[PDB]
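Below is the file query-v3.pdb, which contains PDB, C-alpha atoms (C1' of nucleotides).
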ATOM      1  CA  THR P   2      23.556  -0.999   2.512
ATOM      2  CA  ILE P   3      26.626  -1.896   4.590
ATOM      3  CA  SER P   4      26.071  -4.104   7.658
ATOM      4  CA  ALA P   5      22.346  -3.245   7.560
ATOM      5  CA  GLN P   6      22.426   0.569   7.652
ATOM      6  CA  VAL P   7      25.103   1.469  10.178
ATOM      7  CA  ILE P   8      26.103   4.699   8.396
ATOM      8  CA  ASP P   9      22.602   6.145   8.837
ATOM      9  CA  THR P  10      22.882   5.438  12.589
ATOM     10  CA  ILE P  11      26.482   6.416  13.399
ATOM     11  CA  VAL P  12      25.877  10.031  12.355
ATOM     12  CA  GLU P  13      22.675  10.181  14.410
ATOM     13  CA  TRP P  14      24.446   8.739  17.460
ATOM     14  CA  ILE P  15      27.301  11.239  17.097
ATOM     15  CA  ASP P  16      24.776  14.065  16.805
ATOM     16  CA  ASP P  17      22.395  13.060  19.629
ATOM     17  CA  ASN P  18      25.060  11.831  22.106
ATOM     18  CA  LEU P  19      26.586  13.856  24.978
ATOM     19  CA  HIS P  20      30.249  14.657  25.696
ATOM     20  CA  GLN P  21      30.786  10.994  26.573
ATOM     21  CA  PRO P  22      33.879   9.668  24.745
ATOM     22  CA  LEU P  23      33.486   7.121  21.954
ATOM     23  CA  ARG P  24      35.455   3.875  22.226
ATOM     24  CA  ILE P  25      35.037   0.262  21.091
ATOM     25  CA  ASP P  26      33.074  -0.889  24.142
ATOM     26  CA  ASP P  27      31.067   2.343  24.405
ATOM     27  CA  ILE P  28      29.842   2.333  20.792
ATOM     28  CA  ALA P  29      30.012  -1.446  20.358
ATOM     29  CA  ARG P  30      26.742  -2.055  22.245
ATOM     30  CA  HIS P  31      23.593  -0.056  21.394
ATOM     31  CA  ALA P  32      25.167   0.643  18.011
ATOM     32  CA  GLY P  33      23.738  -2.611  16.641
ATOM     33  CA  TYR P  34      27.130  -3.366  15.100
ATOM     34  CA  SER P  35      30.230  -4.754  16.850
ATOM     35  CA  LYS P  36      33.946  -4.112  16.296
ATOM     36  CA  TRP P  37      33.895  -5.436  12.720
ATOM     37  CA  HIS P  38      30.642  -3.597  11.985
ATOM     38  CA  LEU P  39      32.676  -0.399  12.497
ATOM     39  CA  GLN P  40      36.161  -1.402  11.307
ATOM     40  CA  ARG P  41      35.048  -1.911   7.697
ATOM     41  CA  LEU P  42      33.255   1.448   7.760
ATOM     42  CA  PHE P  43      36.225   3.308   9.253
ATOM     43  CA  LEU P  44      38.474   1.675   6.648
ATOM     44  CA  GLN P  45      36.304   2.300   3.568
ATOM     45  CA  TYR P  46      34.083   5.352   4.058
ATOM     46  CA  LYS P  47      36.482   7.330   6.278
ATOM     47  CA  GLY P  48      39.974   5.833   6.083
ATOM     48  CA  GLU P  49      41.055   7.362   9.392
ATOM     49  CA  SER P  50      41.500   6.158  12.980
ATOM     50  CA  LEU P  51      38.858   6.989  15.598
ATOM     51  CA  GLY P  52      41.105   9.028  17.906
ATOM     52  CA  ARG P  53      41.861  11.532  15.145
ATOM     53  CA  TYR P  54      38.366  11.752  13.632
ATOM     54  CA  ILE P  55      36.705  12.287  17.020
ATOM     55  CA  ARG P  56      39.259  14.975  17.892
ATOM     56  CA  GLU P  57      38.686  16.706  14.546
ATOM     57  CA  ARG P  58      34.916  16.604  15.083
ATOM     58  CA  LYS P  59      35.310  18.069  18.575
ATOM     59  CA  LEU P  60      37.559  20.835  17.228
ATOM     60  CA  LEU P  61      35.095  21.669  14.445
ATOM     61  CA  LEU P  62      32.291  21.785  17.021
ATOM     62  CA  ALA P  63      34.273  23.996  19.413
ATOM     63  CA  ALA P  64      35.320  26.368  16.612
ATOM     64  CA  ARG P  65      31.869  27.973  16.922
ATOM     65  CA  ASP P  66      31.700  27.959  20.729
ATOM     66  CA  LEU P  67      35.040  29.789  20.807
ATOM     67  CA  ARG P  68      33.491  32.483  18.600
ATOM     68  CA  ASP P  69      30.303  32.582  20.723
ATOM     69  CA  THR P  70      32.197  34.866  23.194
ATOM     70  CA  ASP P  71      32.221  32.530  26.190
ATOM     71  CA  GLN P  72      34.315  33.401  29.247
ATOM     72  CA  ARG P  73      34.414  29.878  30.757
ATOM     73  CA  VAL P  74      37.208  28.525  28.576
ATOM     74  CA  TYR P  75      37.800  25.573  30.915
ATOM     75  CA  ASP P  76      34.259  24.263  30.327
ATOM     76  CA  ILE P  77      34.362  24.546  26.518
ATOM     77  CA  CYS P  78      36.498  21.425  26.090
ATOM     78  CA  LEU P  79      34.530  19.620  28.813
ATOM     79  CA  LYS P  80      31.090  20.215  27.267
ATOM     80  CA  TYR P  81      32.304  18.671  23.984
ATOM     81  CA  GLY P  82      34.195  15.568  25.120
ATOM     82  CA  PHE P  83      37.681  16.524  26.310
ATOM     83  CA  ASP P  84      37.717  15.392  29.942
ATOM     84  CA  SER P  85      40.909  17.376  30.646
ATOM     85  CA  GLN P  86      42.212  20.783  29.610
ATOM     86  CA  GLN P  87      45.726  19.525  28.838
ATOM     87  CA  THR P  88      44.486  16.946  26.322
ATOM     88  CA  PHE P  89      42.451  19.545  24.422
ATOM     89  CA  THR P  90      45.408  21.944  24.561
ATOM     90  CA  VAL P  92      45.237  18.376  20.399
ATOM     91  CA  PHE P  93      44.724  22.008  19.379
ATOM     92  CA  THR P  94      48.479  22.659  19.364
ATOM     93  CA  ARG P  95      49.123  19.606  17.180
ATOM     94  CA  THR P  96      46.228  20.422  14.820
ATOM     95  CA  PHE P  97      46.199  24.211  14.333
ATOM     96  CA  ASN P  98      49.474  25.301  16.063
ATOM     97  CA  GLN P  99      47.159  28.180  16.769
ATOM     98  CA  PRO P 100      46.830  29.741  20.144
ATOM     99  CA  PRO P 101      43.855  28.777  22.313
ATOM    100  CA  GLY P 102      43.464  32.417  23.355
ATOM    101  CA  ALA P 103      44.301  34.133  20.048
ATOM    102  CA  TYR P 104      41.806  31.924  18.212
ATOM    103  CA  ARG P 105      39.379  32.593  21.042
ATOM    104  CA  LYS P 106      40.117  36.252  20.391
ATOM    105  CA  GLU P 107      39.254  35.841  16.699
TER     106      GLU P 107
ATOM    107  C1'  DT M   1    -115.658  24.202 -24.834
ATOM    108  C1'  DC M   2    -113.637  22.800 -19.246
ATOM    109  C1'  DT M   3    -112.587  21.421 -13.202
ATOM    110  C1'  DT M   4    -114.710  18.072  -9.272
ATOM    111  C1'  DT M   5    -116.761  12.986  -7.627
ATOM    112  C1'  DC M   6    -116.086   8.638  -8.207
ATOM    113  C1'  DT M   7    -112.584   3.334  -9.772
ATOM    114  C1'  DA M   8    -107.751   0.981  -8.851
ATOM    115  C1'  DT M   9    -101.817   0.323  -7.877
ATOM    116  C1'  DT M  10     -97.491   1.960  -5.267
ATOM    117  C1'  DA M  11     -95.920   3.090  -0.217
ATOM    118  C1'  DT M  12     -92.440   2.282   5.737
ATOM    119  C1'  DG M  13     -86.410  -0.055   8.448
ATOM    120  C1'  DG M  14     -83.589  -3.817   9.738
ATOM    121  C1'  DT M  15     -80.906  -4.802  12.547
ATOM    122  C1'  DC M  16     -80.255  -8.150  18.035
ATOM    123  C1'  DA M  17     -83.103 -13.086  16.859
ATOM    124  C1'  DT M  18     -87.000 -16.945  18.736
ATOM    125  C1'  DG M  19     -89.391 -22.560  18.480
ATOM    126  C1'  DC M  20     -92.209 -27.633  16.533
ATOM    127  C1'  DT M  21     -94.062 -29.232  11.302
ATOM    128  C1'  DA M  22     -98.921 -31.515   8.688
ATOM    129  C1'  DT M  23    -103.752 -30.361   6.781
ATOM    130  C1'  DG M  24    -110.168 -34.912   5.022
ATOM    131  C1'  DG M  25    -109.911 -38.869   0.226
ATOM    132  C1'  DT M  26    -111.704 -40.673  -4.173
ATOM    133  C1'  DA M  27    -111.859 -48.486  -9.148
ATOM    134  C1'  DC M  28    -110.270 -52.316 -10.992
ATOM    135  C1'  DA M  29    -108.961 -55.977 -15.467
ATOM    136  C1'  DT M  30    -105.547 -57.799 -19.472
ATOM    137  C1'  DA M  31    -101.004 -56.148 -21.497
ATOM    138  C1'  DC M  32     -96.292 -56.469 -23.168
ATOM    139  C1'  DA M  33     -91.623 -55.108 -22.547
ATOM    140  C1'  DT M  34     -87.660 -52.315 -20.086
ATOM    141  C1'  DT M  35     -84.639 -53.092 -16.219
ATOM    142  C1'  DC M  36     -82.182 -55.271 -12.019
ATOM    143  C1'  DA M  37     -79.824 -59.468 -10.456
ATOM    144  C1'  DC M  38     -77.400 -63.538 -10.721
ATOM    145  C1'  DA M  39     -74.855 -68.072 -13.616
ATOM    146  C1'  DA M  40     -70.323 -68.874 -16.525
ATOM    147  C1'  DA M  41     -66.295 -67.859 -19.629
ATOM    148  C1'  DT M  42     -62.442 -64.599 -21.839
ATOM    149  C1'  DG M  43     -58.758 -61.881 -21.522
ATOM    150  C1'  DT M  44     -54.952 -59.683 -20.160
ATOM    151  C1'  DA M  45     -52.989 -59.498 -15.375
ATOM    152  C1'  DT M  46     -50.070 -59.786 -11.529
ATOM    153  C1'  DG M  47     -46.072 -62.360  -8.947
ATOM    154  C1'  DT M  48     -42.461 -66.520  -8.612
ATOM    155  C1'  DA M  49     -37.953 -68.361 -10.909
ATOM    156  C1'  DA M  50     -33.228 -67.933 -13.894
ATOM    157  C1'  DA M  51     -29.188 -65.903 -17.133
ATOM    158  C1'  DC M  52     -25.528 -61.863 -18.524
ATOM    159  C1'  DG M  53     -22.941 -57.552 -17.432
ATOM    160  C1'  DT M  54     -20.895 -54.088 -15.000
ATOM    161  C1'  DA M  55     -22.520 -50.799 -11.308
ATOM    162  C1'  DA M  56     -17.198 -52.161  -9.817
ATOM    163  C1'  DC M  57     -13.166 -52.807  -5.521
ATOM    164  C1'  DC M  58      -9.418 -54.209  -2.886
ATOM    165  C1'  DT M  59      -4.621 -55.828  -3.682
ATOM    166  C1'  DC M  60       0.345 -54.868  -5.204
ATOM    167  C1'  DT M  61       4.334 -53.228  -7.847
ATOM    168  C1'  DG M  62       6.565 -49.299 -10.334
ATOM    169  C1'  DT M  63       7.310 -44.059 -11.343
ATOM    170  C1'  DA M  64       7.841 -39.544  -9.230
ATOM    171  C1'  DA M  65       8.439 -35.452  -5.989
ATOM    172  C1'  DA M  66       9.496 -34.071  -1.327
ATOM    173  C1'  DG M  67      11.531 -33.629   3.448
ATOM    174  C1'  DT M  68      16.743 -34.582   5.117
ATOM    175  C1'  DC M  69      21.849 -35.389   5.354
ATOM    176  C1'  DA M  70      27.198 -37.186   3.106
ATOM    177  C1'  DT M  71      30.721 -33.736   1.127
ATOM    178  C1'  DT M  72      33.722 -29.069   0.905
ATOM    179  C1'  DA M  73      35.062 -24.687   1.676
ATOM    180  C1'  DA M  74      33.604 -19.269   2.963
ATOM    181  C1'  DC M  75      33.890 -16.543   6.215
ATOM    182  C1'  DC M  76      35.147 -15.536  11.015
ATOM    183  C1'  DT M  77      36.141 -15.600  16.099
ATOM    184  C1'  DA M  78      40.883 -16.269  17.469
ATOM    185  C1'  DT M  79      46.604 -15.697  17.595
ATOM    186  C1'  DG M  80      51.136 -12.860  16.450
ATOM    187  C1'  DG M  81      53.310  -8.641  14.476
ATOM    188  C1'  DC M  82      53.901  -3.919  12.977
ATOM    189  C1'  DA M  83      52.158   1.087  12.131
ATOM    190  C1'  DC M  84      49.460   5.003  14.584
ATOM    191  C1'  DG M  85      47.809   8.571  17.077
ATOM    192  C1'  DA M  86      47.345  10.360  21.703
ATOM    193  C1'  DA M  87      49.508  12.049  26.060
ATOM    194  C1'  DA M  88      53.130  13.672  28.624
ATOM    195  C1'  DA M  89      58.140  15.356  29.039
ATOM    196  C1'  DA M  90      61.402  18.809  27.168
ATOM    197  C1'  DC M  91      63.212  23.143  25.661
ATOM    198  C1'  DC M  92      63.019  27.710  23.232
ATOM    199  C1'  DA M  93      61.054  32.532  22.436
ATOM    200  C1'  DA M  94      59.313  36.740  24.505
TER     201       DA M  94
END

Structure re-expressed in structure tokens:
Amino acid sequence: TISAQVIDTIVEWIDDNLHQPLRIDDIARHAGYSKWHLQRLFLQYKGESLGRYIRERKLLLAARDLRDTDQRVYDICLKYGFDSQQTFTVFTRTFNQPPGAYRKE
DNA sequence: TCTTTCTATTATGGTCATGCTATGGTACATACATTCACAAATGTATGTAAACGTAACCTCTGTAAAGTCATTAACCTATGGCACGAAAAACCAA
């Protein structure tokens, strides 16, 4: 029990939520835990900054949609959180693996 | 040895219930005691005082437990400072 069961709710919010980005103000509210209700968790349970963990989660989620043989490549990053194609093109810094070649795999 | 013509007790119901009640007389004289009904006195009786004790009973000071508020410092919004991870510019390979 950390901050009255915030771990059991963060995962549910990440699962249920739409492609809306996750920031301090966005998740600070209906979360039931403010900035410090999340800082301790991100420091202890995860040990990684939000901008990298969210990007990794989006990449792991899109790894299946890229294999689902979808022709609308521009909408793949949009349906998962990346509001722009250039920002998602994160993939170069993470995998150094072609968008298209991976999409071909 | 046996069936008719006489001499005497049982029997047939109560339910719905009725008024107004007696009917003739036929001797006294002594007698002695049981019983009812009142005088008057006893005896236990009832109702009026007076003494002790606690049914107590409020009053007040001390012991005790319960709400609250002096400390003091634990954490917690702030402030400043330094990594950190994203986003765009740049340049190289094909």

Margin query: Please list as a VMD selection string every residue within 7 Å of range 20-29 of chain P, counting all atoms listed in the file and excluding residues in the same chain fewer than 3 positions away.
Written below: chain P and resid 32 34 to 36 80 to 82

Item checked: Polymer residues at most 10 Å from range 63-74 of chain P, all atoms listed in the file, same-chain spacing of 5 or more positions, as a list in words ->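 Listed by chain and then number, they are residues 57, 58, 79, 80, 81, 86, 101, 102, 104, 105, 106 and 107 of chain P.
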
Checklist line | Residues in the PyMOL selection byres ((chain P) within 12 of (chain M)), expressed as an MDAnalysis selection string | finding: chainID P and resid 36:37 49:56 85:90 92 95

Axis-aligned box over every listed atom of range 15-25 of chain P, padded by 4 Å per side: centre and edges in Å to one decimal, as AutoDock Vina command-line options?
--center_x 28.9 --center_y 7.5 --center_z 21.7 --size_x 21.1 --size_y 22.4 --size_z 17.8

Next item on the list: Find the residues around range 40-42 of chain P up to 9 Å (all atoms listed in the file counted), leave out those fewer than 5 positions away in its own chain, and share them as a list in words.
Entry: residues 3, 7, 8, 35, 47 and 48 of chain P

Next item on the list: Determine the nearest neighbour of residue 83 in chain P from the options P:31, P:19, P:4, P:45, counting only C-alpha atoms.
Entry: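 Nearest to residue 83 in chain P: P:19.
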
Because the input lacks atoms here, generate N, CA and C atoms for range 49-82 of chain P and report them as a compact mmCIF listing (two decimals), in the frame of the given file.
# COMPACT_ATOMS: atom_id res chain seq x y z
N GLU P 49 40.35 6.66 8.33
CA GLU P 49 41.06 7.36 9.39
C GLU P 49 40.71 6.75 10.75
N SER P 50 41.70 6.72 11.65
CA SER P 50 41.50 6.16 12.98
C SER P 50 40.56 7.01 13.83
N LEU P 51 39.83 6.34 14.72
CA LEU P 51 38.86 6.99 15.60
C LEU P 51 39.38 8.13 16.48
N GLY P 52 40.59 7.99 17.03
CA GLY P 52 41.10 9.03 17.91
C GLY P 52 41.35 10.35 17.21
N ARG P 53 41.66 10.31 15.91
CA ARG P 53 41.86 11.53 15.14
C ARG P 53 40.55 12.11 14.63
N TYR P 54 39.64 11.26 14.15
CA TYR P 54 38.37 11.75 13.63
C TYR P 54 37.52 12.37 14.73
N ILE P 55 37.48 11.74 15.91
CA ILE P 55 36.70 12.29 17.02
C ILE P 55 37.29 13.62 17.47
N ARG P 56 38.62 13.72 17.51
CA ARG P 56 39.26 14.98 17.89
C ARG P 56 38.97 16.07 16.87
N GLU P 57 39.00 15.72 15.58
CA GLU P 57 38.69 16.71 14.55
C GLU P 57 37.24 17.16 14.64
N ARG P 58 36.32 16.24 14.92
CA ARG P 58 34.92 16.60 15.08
C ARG P 58 34.73 17.53 16.28
N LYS P 59 35.41 17.22 17.39
CA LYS P 59 35.31 18.07 18.58
C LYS P 59 35.88 19.46 18.31
N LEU P 60 36.98 19.53 17.56
CA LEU P 60 37.56 20.84 17.23
C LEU P 60 36.64 21.63 16.32
N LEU P 61 36.03 20.97 15.32
CA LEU P 61 35.10 21.67 14.44
C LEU P 61 33.85 22.12 15.20
N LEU P 62 33.45 21.37 16.23
CA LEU P 62 32.29 21.78 17.02
C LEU P 62 32.64 22.94 17.95
N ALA P 63 33.85 22.94 18.51
CA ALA P 63 34.27 24.00 19.41
C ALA P 63 34.71 25.26 18.68
N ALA P 64 34.96 25.18 17.38
CA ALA P 64 35.32 26.37 16.61
C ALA P 64 34.23 27.43 16.64
N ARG P 65 32.97 27.02 16.81
CA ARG P 65 31.87 27.97 16.92
C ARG P 65 31.67 28.45 18.35
N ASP P 66 31.84 27.56 19.33
CA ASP P 66 31.70 27.96 20.73
C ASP P 66 32.80 28.92 21.15
N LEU P 67 33.98 28.82 20.53
CA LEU P 67 35.04 29.79 20.81
C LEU P 67 34.70 31.16 20.25
N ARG P 68 33.93 31.21 19.16
CA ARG P 68 33.49 32.48 18.60
C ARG P 68 32.22 33.01 19.27
N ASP P 69 31.52 32.17 20.02
CA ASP P 69 30.30 32.58 20.72
C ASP P 69 30.58 33.50 21.92
N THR P 70 31.82 33.94 22.13
CA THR P 70 32.20 34.87 23.19
C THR P 70 31.80 34.31 24.57
N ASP P 71 32.42 33.19 24.91
CA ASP P 71 32.22 32.53 26.19
C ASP P 71 33.45 32.74 27.06
N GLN P 72 33.23 33.12 28.32
CA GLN P 72 34.32 33.40 29.25
C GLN P 72 34.82 32.16 29.97
N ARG P 73 34.01 31.11 30.09
CA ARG P 73 34.41 29.88 30.76
C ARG P 73 35.13 28.99 29.74
N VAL P 74 36.42 29.27 29.55
CA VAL P 74 37.21 28.52 28.58
C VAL P 74 37.44 27.10 29.06
N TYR P 75 37.54 26.90 30.37
CA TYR P 75 37.80 25.57 30.92
C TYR P 75 36.65 24.61 30.68
N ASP P 76 35.42 25.11 30.54
CA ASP P 76 34.26 24.26 30.33
C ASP P 76 33.97 23.99 28.85
N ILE P 77 34.61 24.73 27.94
CA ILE P 77 34.36 24.55 26.52
C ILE P 77 34.81 23.16 26.07
N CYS P 78 36.02 22.75 26.46
CA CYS P 78 36.50 21.42 26.09
C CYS P 78 35.76 20.32 26.84
N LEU P 79 35.24 20.63 28.03
CA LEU P 79 34.53 19.62 28.81
C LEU P 79 33.13 19.36 28.28
N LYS P 80 32.43 20.39 27.80
CA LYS P 80 31.09 20.22 27.27
C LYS P 80 31.08 19.51 25.92
N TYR P 81 32.24 19.28 25.30
CA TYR P 81 32.30 18.67 23.98
C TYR P 81 33.03 17.33 23.96
N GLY P 82 33.60 16.89 25.07
CA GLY P 82 34.20 15.57 25.12
C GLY P 82 35.54 15.48 25.80
